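The file upload.pdb contains PDB, N, CA and C atoms:
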```
ATOM      1  N   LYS Z   1      71.907  35.371 -93.265
ATOM      2  CA  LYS Z   1      73.242  35.089 -92.750
ATOM      3  C   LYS Z   1      73.426  33.594 -92.508
ATOM      4  N   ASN Z   2      74.671  33.184 -92.285
ATOM      5  CA  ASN Z   2      74.982  31.781 -92.038
ATOM      6  C   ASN Z   2      75.390  31.561 -90.585
ATOM      7  N   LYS Z   3      74.516  30.912 -89.822
ATOM      8  CA  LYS Z   3      74.785  30.635 -88.417
ATOM      9  C   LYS Z   3      75.656  29.392 -88.263
ATOM     10  N   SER Z   4      75.321  28.346 -89.010
ATOM     11  CA  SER Z   4      76.072  27.096 -88.956
ATOM     12  C   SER Z   4      76.616  26.729 -90.332
ATOM     13  N   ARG Z   5      75.975  27.250 -91.373
ATOM     14  CA  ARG Z   5      76.394  26.977 -92.743
ATOM     15  C   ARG Z   5      77.863  27.337 -92.945
ATOM     16  N   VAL Z   6      78.351  28.281 -92.146
ATOM     17  CA  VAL Z   6      79.739  28.717 -92.236
ATOM     18  C   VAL Z   6      80.694  27.596 -91.841
ATOM     19  N   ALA Z   7      80.145  26.542 -91.246
ATOM     20  CA  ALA Z   7      80.948  25.402 -90.821
ATOM     21  C   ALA Z   7      81.840  24.905 -91.953
ATOM     22  N   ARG Z   8      81.441  25.197 -93.187
ATOM     23  CA  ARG Z   8      82.204  24.779 -94.356
ATOM     24  C   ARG Z   8      83.681  25.126 -94.195
ATOM     25  N   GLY Z   9      83.959  26.145 -93.387
ATOM     26  CA  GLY Z   9      85.332  26.560 -93.162
ATOM     27  C   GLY Z   9      86.248  25.392 -92.854
ATOM     28  N   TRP Z  10      85.804  24.516 -91.961
ATOM     29  CA  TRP Z  10      86.593  23.350 -91.577
ATOM     30  C   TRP Z  10      85.784  22.068 -91.741
ATOM     31  N   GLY Z  11      85.692  21.290 -90.666
ATOM     32  CA  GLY Z  11      84.947  20.047 -90.712
ATOM     33  C   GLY Z  11      83.948  19.926 -89.577
ATOM     34  N   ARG Z  12      84.082  18.869 -88.785
ATOM     35  CA  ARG Z  12      83.183  18.638 -87.660
ATOM     36  C   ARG Z  12      83.968  18.467 -86.362
ATOM     37  N   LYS Z  13      85.162  17.894 -86.471
ATOM     38  CA  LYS Z  13      86.013  17.672 -85.307
ATOM     39  C   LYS Z  13      86.142  18.945 -84.478
ATOM     40  N   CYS Z  14      85.971  20.090 -85.129
ATOM     41  CA  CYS Z  14      86.068  21.378 -84.450
ATOM     42  C   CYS Z  14      84.752  21.730 -83.762
ATOM     43  N   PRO Z  15      84.846  22.180 -82.502
ATOM     44  CA  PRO Z  15      83.672  22.559 -81.708
ATOM     45  C   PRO Z  15      83.014  23.836 -82.221
ATOM     46  N   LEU Z  16      83.827  24.751 -82.734
ATOM     47  CA  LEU Z  16      83.323  26.015 -83.259
ATOM     48  C   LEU Z  16      81.958  25.827 -83.914
ATOM     49  N   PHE Z  17      81.890  24.909 -84.873
ATOM     50  CA  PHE Z  17      80.644  24.631 -85.578
ATOM     51  C   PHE Z  17      80.332  23.138 -85.562
ATOM     52  N   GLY Z  18      81.018  22.405 -84.691
ATOM     53  CA  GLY Z  18      80.801  20.973 -84.593
ATOM     54  C   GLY Z  18      80.855  20.285 -85.942
TER      55      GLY Z  18
END
```

Let's see the structure in the file written out as structure tokens.
Amino acid sequence: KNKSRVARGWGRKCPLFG
């Protein structure tokens, strides 16, 4: 599974995945 790899959804400015 993707714990942080899913961050691709947005960028970094978002806290969700930093």

Taking all listed atoms of range 3-10 of chain Z, build the axis-aligned box, pad each of the six sides by 4 Å, then write its centre and edge lengths in Å to one decimal as AutoDock Vina command-line options.
```
--center_x 80.6 --center_y 26.5 --center_z -91.3 --size_x 20.1 --size_y 16.8 --size_z 14.1
```

Inset, instruction - Using atom N of residue 1 in chain Z and CA of residue 17 in chain Z as the two end points, give the distance in Å to one decimal. - result: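 About the pair atom N of residue 1 in chain Z and CA of residue 17 in chain Z: they are 15.8 Å apart.
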
Inset, instruction - Excluding residue 18 in chain Z and any residue of its chain fewer than 6 positions from it, enumerate the residues within 8 Å of it, using only C-alpha atoms, and give them as a VMD selection string. - result: chain Z and resid 7 11 to 12

Can I get chain Z with N, CA, C and O atoms filled in, as a short mmCIF file (atom, residue, chain, number, x, y, z; two decimals), keeping the file's coordinate frame?
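Output file out-v1.cif is given in full below:
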```cif
data_model
loop_
_atom_site.label_atom_id
_atom_site.label_comp_id
_atom_site.auth_asym_id
_atom_site.auth_seq_id
_atom_site.Cartn_x
_atom_site.Cartn_y
_atom_site.Cartn_z
N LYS Z 1 71.91 35.37 -93.26
CA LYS Z 1 73.24 35.09 -92.75
C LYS Z 1 73.43 33.59 -92.51
O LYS Z 1 72.46 32.83 -92.52
N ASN Z 2 74.67 33.18 -92.28
CA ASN Z 2 74.98 31.78 -92.04
C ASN Z 2 75.39 31.56 -90.58
O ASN Z 2 76.47 31.97 -90.16
N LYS Z 3 74.52 30.91 -89.82
CA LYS Z 3 74.78 30.64 -88.42
C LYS Z 3 75.66 29.39 -88.26
O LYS Z 3 76.61 29.38 -87.49
N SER Z 4 75.32 28.35 -89.01
CA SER Z 4 76.07 27.10 -88.96
C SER Z 4 76.62 26.73 -90.33
O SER Z 4 77.59 25.99 -90.45
N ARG Z 5 75.97 27.25 -91.37
CA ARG Z 5 76.39 26.98 -92.74
C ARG Z 5 77.86 27.34 -92.94
O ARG Z 5 78.54 26.77 -93.81
N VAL Z 6 78.35 28.28 -92.15
CA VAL Z 6 79.74 28.72 -92.24
C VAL Z 6 80.69 27.60 -91.84
O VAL Z 6 81.90 27.69 -92.07
N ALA Z 7 80.14 26.54 -91.25
CA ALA Z 7 80.95 25.40 -90.82
C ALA Z 7 81.84 24.90 -91.95
O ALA Z 7 82.87 24.27 -91.71
N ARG Z 8 81.44 25.20 -93.19
CA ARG Z 8 82.20 24.78 -94.36
C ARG Z 8 83.68 25.13 -94.20
O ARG Z 8 84.55 24.49 -94.79
N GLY Z 9 83.96 26.14 -93.39
CA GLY Z 9 85.33 26.56 -93.16
C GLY Z 9 86.25 25.39 -92.85
O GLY Z 9 87.34 25.29 -93.41
N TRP Z 10 85.80 24.52 -91.96
CA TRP Z 10 86.59 23.35 -91.58
C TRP Z 10 85.78 22.07 -91.74
O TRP Z 10 85.26 21.79 -92.82
N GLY Z 11 85.69 21.29 -90.67
CA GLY Z 11 84.95 20.05 -90.71
C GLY Z 11 83.95 19.93 -89.58
O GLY Z 11 83.07 20.77 -89.42
N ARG Z 12 84.08 18.87 -88.78
CA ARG Z 12 83.18 18.64 -87.66
C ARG Z 12 83.97 18.47 -86.36
O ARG Z 12 83.50 18.84 -85.29
N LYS Z 13 85.16 17.89 -86.47
CA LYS Z 13 86.01 17.67 -85.31
C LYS Z 13 86.14 18.94 -84.48
O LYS Z 13 86.39 18.89 -83.27
N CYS Z 14 85.97 20.09 -85.13
CA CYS Z 14 86.07 21.38 -84.45
C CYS Z 14 84.75 21.73 -83.76
O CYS Z 14 83.67 21.60 -84.34
N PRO Z 15 84.85 22.18 -82.50
CA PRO Z 15 83.67 22.56 -81.71
C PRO Z 15 83.01 23.84 -82.22
O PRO Z 15 81.79 23.99 -82.15
N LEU Z 16 83.83 24.75 -82.73
CA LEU Z 16 83.32 26.02 -83.26
C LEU Z 16 81.96 25.83 -83.91
O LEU Z 16 80.99 26.50 -83.56
N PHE Z 17 81.89 24.91 -84.87
CA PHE Z 17 80.64 24.63 -85.58
C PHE Z 17 80.33 23.14 -85.56
O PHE Z 17 79.49 22.66 -86.32
N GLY Z 18 81.02 22.40 -84.69
CA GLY Z 18 80.80 20.97 -84.59
C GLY Z 18 80.86 20.28 -85.94
O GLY Z 18 80.65 19.07 -86.04
#
```
